[PDB]
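Two forms of the same protein chain are encoded below as structure tokens; each is given separately, as structure 1 and structure 2.
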Structure 1
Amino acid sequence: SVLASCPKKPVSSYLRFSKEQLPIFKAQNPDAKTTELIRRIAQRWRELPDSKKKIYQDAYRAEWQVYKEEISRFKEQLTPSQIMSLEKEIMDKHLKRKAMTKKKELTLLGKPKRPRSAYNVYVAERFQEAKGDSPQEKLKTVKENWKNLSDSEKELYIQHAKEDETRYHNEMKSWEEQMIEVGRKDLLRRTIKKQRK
């Protein structure tokens, strides 16, 4: 929102070159993949004389100066609360990215899923059939039925949940064993609920 309207920093000498050249290369090889066009474009940059590479830096440098001025001007025209709002937007954006990266790493190293709760089992089984338009409304329905469940009915699910708790512990034992072996001891649990930490 504040960050949305915020002046953007200029892109570098090579990235400028890239952005202008890409349309040109795309126009000439329309069925070629972007990744290859970029490899070709990098090559052209690399081949480009340093005098020609200077033109691009000189502009970036000049553009940096405008940014400095635009940023100062923008911040000067903001209120204490908008500033804090802007600081929070940036922090949040950073943390969101750091988070996403940790998750991807784990997914790539094929970390087992966490144990599915009785309620998870219930949602899996009863979702398709729940009354409601949107999946949001359908969940609200399942959630409601779940609340009204006889501990007699709830037990079926609690047993499946106990079954998954077993898989988890097993898959984990194996995965952690593998992690030590690929030298990623950092990814191990410091504390295990149903085993030695």
Structure 2
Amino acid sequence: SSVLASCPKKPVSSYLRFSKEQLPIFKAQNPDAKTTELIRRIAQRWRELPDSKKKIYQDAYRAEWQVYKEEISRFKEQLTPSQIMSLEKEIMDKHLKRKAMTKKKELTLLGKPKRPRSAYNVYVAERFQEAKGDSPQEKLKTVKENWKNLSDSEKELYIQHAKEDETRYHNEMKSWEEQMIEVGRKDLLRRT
């Protein structure tokens, strides 16, 4: 399937090697505590630990790195050019997908207006509740069915609601893009 799935993973360095070893010991002694607080406590105990003790985890990491080197080397040597390329592409895709979802999260955090609703959207938003069907997919099928067999006279209401929201969008966007300059985020602005 995916080259990346069978690709050997990095050995854990000192703190994760400690965290992994400690988490059970802490979870047993505090079973009603959230994982998150146990991790905060485990890190605390890491920070407090002597350098001589820390080094033992490090020494183990370093030794496992040499096994990793060996495994990964052996892995990549056994791969065909086309497999190496899927691996490189799989990694590129991994990055894009991450870059893309964080920008999306950013925009939400900056409260960017929602797109204008189409006449069709306005129709789903009001006809879906009483639609025929069990699953939300089947229910959409009936609202799709009723929308396509609707006359231009009948659509006319949704046309005006979709028109009013197009003005809403225009207005919300004018304010938000203004506010985005005042904070120094003119990158966030539309070209067209």
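Just so we're on the same page, residue numbers count up from 1 along structure 1's sequence. In this text, rigid core is short for the largest set of C-alphas that superpose within 1.5 Å between two forms.
Fitting the two forms on the rigid core leaves the C-alpha of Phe74 displaced by under 2 angstroms between structure 1 and structure 2. In a rigid-core overlay of the protein, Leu156 has its C-alpha displaced by at least 2 Å between structure 1 and structure 2. Superposing C-alpha atoms between structure 1 and structure 2 reveals a rigid-body rotation of the smaller part against the larger of 12 degrees. With both forms fitted on their core, the C-alpha atom of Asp31 sits 0.9 Å from where it sits in the other form; this compares the forms between structure 1 and structure 2. Its Cα shifted by 1.3 Å between structure 1 and structure 2, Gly110 is reported here after superposition on the rigid core. Taking the core as the reference frame, the CA atom of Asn120 shifts 3.7 angstrom between structure 1 and structure 2.
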